[PDB]
Protein chains: 4
Amino acid sequence: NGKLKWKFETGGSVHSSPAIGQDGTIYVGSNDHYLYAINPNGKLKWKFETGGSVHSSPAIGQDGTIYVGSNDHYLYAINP
Amino acid sequence: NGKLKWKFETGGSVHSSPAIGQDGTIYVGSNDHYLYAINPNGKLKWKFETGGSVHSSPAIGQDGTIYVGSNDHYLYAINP
Amino acid sequence: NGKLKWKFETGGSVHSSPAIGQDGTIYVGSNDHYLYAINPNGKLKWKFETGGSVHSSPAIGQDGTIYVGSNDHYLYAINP
Amino acid sequence: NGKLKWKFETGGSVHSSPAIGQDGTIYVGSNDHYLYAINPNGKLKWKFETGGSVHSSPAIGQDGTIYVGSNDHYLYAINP
């Protein structure tokens, strides 16, 4: 009904648009260079560091793989 | 046939891409700092204020939760 | 095999990300201010002019309504 | 677990958000002007050159067509 359930702070702007895994993990990039994987309760599952801002929005493969781009020129494939 | 059904004014640019819930509510961010929830008929359901421009496009969880990023560095989870 | 099927010229950059109707129409916004609806064969079905750049990516409601944001501060609902 | 499966280098920033085909190809644009099609093992299937940065995120038709916008003002439809 438009109340905060929770808010996770990253180190920079979040322009990336979140994706949701089969188990409800939320994946989103940040200008702080990381891809984040966050649990449905608001805690960090893991974060993967790229060489640049992650403005790209993650996609999730059939086998759980997370793809997303970065400012650092690469497209990343990361295991869930 | 490409005719205006309605247009809902926010206080700034809308770069965010809208999402549509199971009940047809539309979720979209604006550079005015708000995430908006709008009824299919053009009237505001609720708006949630963030600390910055919402350029992220919202995603919707299986239980109705709306996730979006903000320029204020946070990832938000909001109840429907 | 990675060959051009066709290409449609708009009047400016296309930063928007295309959406696809049930009937195969492609929707996409452009810096030239317009949302385009384009037939699967490469020709214009209709175009709707907004007050500003359409960086927002269209979404399609269950009744065929196309929702998109504009730089002109509005979220638009357009009949298919 | 958050471990790199693989990373593909393009010639510039990847702001485009990856799309995944029915056959698991990953498609994504780059500031280097190309749309890339990459196999689930990390190797290039093919790349199509546009006149400008591809910040748009690709969408995929029911018939496998890949649609994406470009800074060069066009919407492109490309065969898989």
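Numbers restart at 1 for each chain; the letters A, B, ... are given by sequence-line order, proteins then strands.
Within the 4.5 angstrom heavy-atom criterion, only side-chain atoms of C/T65, from C-beta onward, approach chain B. With a 4.5 Å cut-off on non-hydrogen atoms, C/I60 touches chain B through its backbone but not through its side chain. The contact between B/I26 and chain C is made entirely by side chain atoms (from C-beta outward), counting heavy-atom distances below 4.5 Å. Using a 4.5 Å cut-off between heavy atoms, B/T10 touches chain C through backbone and side chain atoms alike. Proximity to chain B (any heavy atom under 4.5 Å) is shown, for C/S57, by both the backbone and the side chain.
Looking at B/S13, its side chain never comes within 3.5 Å of a backbone N or O of C/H73 through a donor-acceptor pair.
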Would you check, one step at a time, whether the test side chain to side chain contact (heavy atoms under 4.5 Å, CB included) holds for C/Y76 with B/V14?
CA-CA 10 Å; C/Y76 284 97; B/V14 199; over 6 Å; no
Give the C-alpha distance, both sets of side-chain angles, the deciding distance and a yes or no for side chain to side chain contact (heavy atoms under 4.5 Å, CB included) between C/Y67 and B/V28.
CA-CA 10 Å; C/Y67 300 98; B/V28 73; over 6 Å; no
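The candidate from B/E9, B/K7, B/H55 with the greatest count of non-hydrogen atom pairs under 4.5 Å with chain C is B/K7. If you tally non-hydrogen atom pairs under 4.5 Å between each of C/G64, C/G69, C/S56 and chain B, the highest count goes to C/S56. No other option in C/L75, C/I78, C/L35 has as many heavy-atom pairs under 4.5 Å with chain B as C/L75.
Here the CZ atom belonging to C/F48 is positioned 12.0 Å from the CG atom belonging to B/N1, to the nearest 0.5 angstrom.
Closest of all the heavy-atom pairs between B/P18 and C/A59 is O-CB, 3.4 Å.
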